Number of protein chains: 2
Amino acid sequence: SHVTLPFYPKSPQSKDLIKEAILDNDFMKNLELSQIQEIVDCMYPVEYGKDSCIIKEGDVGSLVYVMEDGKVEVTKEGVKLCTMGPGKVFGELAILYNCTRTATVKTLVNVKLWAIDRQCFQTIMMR
Amino acid sequence: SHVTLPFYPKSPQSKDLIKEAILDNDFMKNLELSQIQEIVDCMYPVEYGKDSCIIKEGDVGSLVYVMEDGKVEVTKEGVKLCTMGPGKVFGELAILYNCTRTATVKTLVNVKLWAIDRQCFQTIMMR
Ligand SMILES: Nc1nc2c(ncn2[C@@H]2O[C@@H]3COP(=O)(O)O[C@H]3[C@H]2O)c(=O)[nH]1
Ligand SMILES: Nc1nc2c(ncn2[C@@H]2O[C@@H]3COP(=O)(O)O[C@H]3[C@H]2O)c(=O)[nH]1
């Protein structure tokens with residue numbers, strides 16, 4: 001009669017970081033505040049070690065990430081585009097380019113992230 | 001005193017094409033049926049010729065479309081992402097993400113579409 005989204009409990013400071021990361025993101029700054037709240041409770045945590053490759057350009061890609069701790073470097077076709085520290089969203093562009101990753105993301109140090117899948121996202125967007 | 005949504009009369013064949021098109025859409029799959037029916041009745045027909053530009057990335061989005069006949073070609077910042085045939089919904093991103101058109105959409109052949117405007121569309125998602 002309607003499918004249940006999963007809830008992942010977080011520290012207040014974490015929920016704040018996420019909200020701010022979305023509001024700082026060009027594609028998503030305008031979402032409902034009620035929608036953002038829901039996204040925050042759905043994001044689950046994932047950790048990567050340094051010289052780990054999170055996203056490979058060209059790949060198919062659902063997941064969207066917010067960085068909590070650490071630092072990554074974004075490269076396309078060989079070129080550094082930038083680095084990203086906590087408070088930044090990445091992985092959003094896949095959907096806008098036909099679910100294909102548009103750049104590769106490598107970890108420069110250990111990182112702690114939050115993630116959310118295509119599917120959760122879509123249910124939310126219809127509320 | 002509540003607002004009256006418009007009604008555009010349609011061939012049962014067309015009412016089904018639309019319904020299917022909605023269910024095929026990642027986001028709209030999610031709607032209750034009562035609502036998918038309301039949306040079907042608020043769609044109005046529009047045609048474009050070969051080599052027409054329906055949607056321009058960056059512009060403001062007010063309508064959402066379903067294709068009935070024809071083939072259309074999606075592009076972003078100058079790169080063929082995909083093509084779309086009958087039965088497929090489009091122009092739903094800008095509305096849901098409350099952003100500016102995320103891709104350009106050009107016709108490859110003469111097309112016949114149905115359109116619902118932001119107004120009716122949102123009004124419907126609220127019951
Ligand atoms: N393509 C691109 N991606 C970037 C840039 N800066 C940060 N990113 C992030 O890198 C991500 C790579 O995967 P996505 O395309 O899913 O989403 C992309 C963005 O979130 C940039 O300058 N170009
Ligand atoms: N940005 C983008 N839009 C697409 C793609 N494939 C289909 N579309 C549709 O094209 C529409 C362009 O305008 P919208 O951003 O409103 O909504 C978009 C989607 O419905 C794609 O790969 N990228």
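Quick reminder, even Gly has a Cβ in these numbers, built from the backbone with ideal geometry, and neighbours come from all protein chains shown. Rule-based calculations on the coordinates, nothing more; no lab input.
Excluding same-chain neighbours fewer than eight residues apart, the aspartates and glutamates reachable from B:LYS29 by a Cα-Cα span under 13 Å are B:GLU20, B:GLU92.
Modelled spin-label separation between A:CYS82 and A:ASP117, with each label point placed 7 Å from Cα along the Cα-to-Cβ direction: 2.9 nm.
Along the Cα-to-Cβ line of A:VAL60, 7 Å from the Cα, sits a label point; which residues in segment B:88-127 have backbone N less than 20 Å from it? In segment B:88-127, the label zone of A:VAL60 (backbone N under 20 Å from the point 7 Å along Cα→Cβ) covers B:88-89. Only helical runs count toward this figure. For chain B, summing -39,500 (n - 2.57) over DSSP H runs of n ≥ 4 and dividing by all residues gives -7000 deg cm²/dmol at 222 nm. In summary, the convex hull built on the alpha carbon positions of segment B:20-127 has an orientation-averaged projected area of 6.2 nm².
Candidates A:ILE95, A:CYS82, A:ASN30 compared by Cα position along the dipole of chain A: farthest toward the positive end lies A:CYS82, with charges placed on Cβ. Between A:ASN110 and A:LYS71, residue separation times 0.36 nm minus the direct Cα-Cα distance comes to 13.3 nm. Centre-to-centre separation between the Cα atoms of segment B:24-48 and those of segment A:1-60: 29 Å. Among B:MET67, B:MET84, B:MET43, the largest mean-square fluctuation in a Gaussian network model of chain B, built with springs joining Cα atoms closer than 10 Å, belongs to B:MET84.
Identify which of A:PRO86, A:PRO45, A:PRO12 has the largest mean-square fluctuation in a Gaussian network model of chain A, with springs joining Cα atoms closer than 10 Å. Per the Cα network of chain A with a 10 Å cutoff, A:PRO12 tops the list.
Estimate the FRET efficiency between B:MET126 and B:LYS15 by the formula 1/(1 + (r/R0)^6), using the beta-carbon distance for r and 22 Å for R0, to the nearest 0.05. Efficiency for this residue pair is about 0.45. Can you give the net charge of the other residues whose Cβ lies under 12 Å from the Cβ of A:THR123, counting K and R as +1 and D and E as -1? Taking every other residue near A:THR123 into account, the sum is 0. Computed over chain A with a Gaussian network model linking Cα atoms closer than 10 Å, the most mobile of A:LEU63, A:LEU113, A:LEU96 is A:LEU96.
Each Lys and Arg Cβ is given +1 and each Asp and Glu Cβ -1; about its Cα centre, chain B then shows a dipole of about 120 debye. Note on the protein assembly as shown: Rg/Rh from Cα positions, Kirkwood definition for Rh, rounded to two decimals, is 1.00. What residue among B:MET67, B:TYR44, B:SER11 has its Cα farthest toward the positive end of the dipole of chain B, where the charges are +1 on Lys, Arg and -1 on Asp, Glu, each on the Cβ? With unit charges placed on the Cβ atoms, the residue in question is B:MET67.
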